[PDB]
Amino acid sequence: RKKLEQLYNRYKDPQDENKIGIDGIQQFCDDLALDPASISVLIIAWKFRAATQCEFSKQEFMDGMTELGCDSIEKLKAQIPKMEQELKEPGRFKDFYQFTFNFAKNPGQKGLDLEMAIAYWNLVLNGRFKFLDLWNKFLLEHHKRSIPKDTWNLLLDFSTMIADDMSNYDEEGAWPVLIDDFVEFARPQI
């Protein structure tokens, strides 16, 4: 599509035609009337299967718009409520949540920097995870610098299965020692 290529030219980095830079990504979110660091834009990145935050290639832009059947920003803007609704399924939420870890991190680095894991947890789990604030505090206190993928996924498991009063928690080996330690820390504070 020529209408899609013309819309791409509006964003491409002047130095590198095959990528969209900071300015171009900022332009794209503005045209969509969205904050570049908002949950709606993260949902859009998920639908575009974007590899990394603050990076948006010609391949990702072209393939994503084609897959979504969009050749204009208005067509993409209209698809946003459908993208949001798709998350109602727990299978699709787990999909978006796991995508988030890979998108947030640096390519070629195993874990997710804690400061970025907190920011993305606050973006995807705020209002979903009851102990989000205490969890972020616990990890900062135990001077954790990096979050492995296993920790990222185990937190969604904890979040979805834990009672608001933590009465259904079994510390008898079932969960790793990190989560046994978090329950020990959080129980007096609730």
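Counting begins at 1, following the sequence as shown.
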ask   = Would 55-63 or 31-39 have the larger average of its C-alpha temperature factors, as given in the entry?
value = 31-39
message = Mean Cα B factor from the PDB record: higher for 166-174, or higher for 12-20?
response = 166-174
query = Highest Cα B-factor in the deposition, which of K137, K47, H143, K130?
reply = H143
ask   = Within this chain, which third does the Cα B-factor at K105 fall in: lowest, middle or highest?
value = lowest
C70 by Cα B-factor - lowest, middle or highest third of the modelled chain = highest
